[PDB]
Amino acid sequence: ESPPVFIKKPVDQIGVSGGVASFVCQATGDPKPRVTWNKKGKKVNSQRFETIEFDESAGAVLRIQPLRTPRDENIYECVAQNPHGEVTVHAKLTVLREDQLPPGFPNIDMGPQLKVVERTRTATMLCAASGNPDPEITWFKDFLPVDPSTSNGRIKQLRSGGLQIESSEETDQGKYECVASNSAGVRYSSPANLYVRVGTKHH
């Protein structure tokens, strides 16, 4: 037996009004725990605040969209629970107006566009971002973080930020977002849908 332990602790976010922020939380334990997002002890669930569970509910993403300031500025609680305990980690959300952004705040100079790719072919979605410090690029698909390093080589992130799917299958279809992050804050690209098609034929 063992009580819950967090294996992914959520990180603070400084986002931009009208944009998106996501927090990711995951725990382990024996029995395997659940995790649940709350605000001041109350379940988080509303039109703009959505939880997306993963890992048999031992994981949860808290997504806020579109961000509103000042109302969304708060501390949020991820609670992990199993029969042997209940434990909490916190993450802070700050939301800046577009006219209050510091100089180096991340910018999506060119985000990804609608992608159409024939099955089995390579698809590359670009994301060109800038900031000071130079922002780290990550990707989300259907509101969940993409981890290319655990994709068994199916997916990779290019050095210049693009997300590349080596051999496209129907399962790669979905809604992709690029995220640029640095010490100043976080900025999401507009989303881009990816569609897989069949080839042309004579008849």
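In case it trips you up, residue 1 is the first one in the sequence shown, and so on.
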Regarding 172 to 180 and 146 to 154, which shows the higher C-alpha temperature factor on average in the entry? 146 to 154
Out of 122 to 130 and 68 to 76, which stretch has the higher average CA B-factor listed in the record? 68 to 76
Given 141, 159, 63, 32, identify the residue with the highest C-alpha B factor in the PDB entry. 159
Out of 38, 26, 51, 47, which shows the largest CA B-factor listed in the entry? 47
Per the entry's values, where does residue 190 land by CA temperature factor relative to the rest of its chain, in the lowest, middle or highest third? middle
Cα B factor band for residue 85 (lowest, middle or highest third within the chain): middle
Split the chain's modelled residues into thirds by Cα B-factor; is residue 110 in the lowest, middle or highest one? middle
Among modelled residues of the same chain, the CA temperature factor third for residue 93: middle
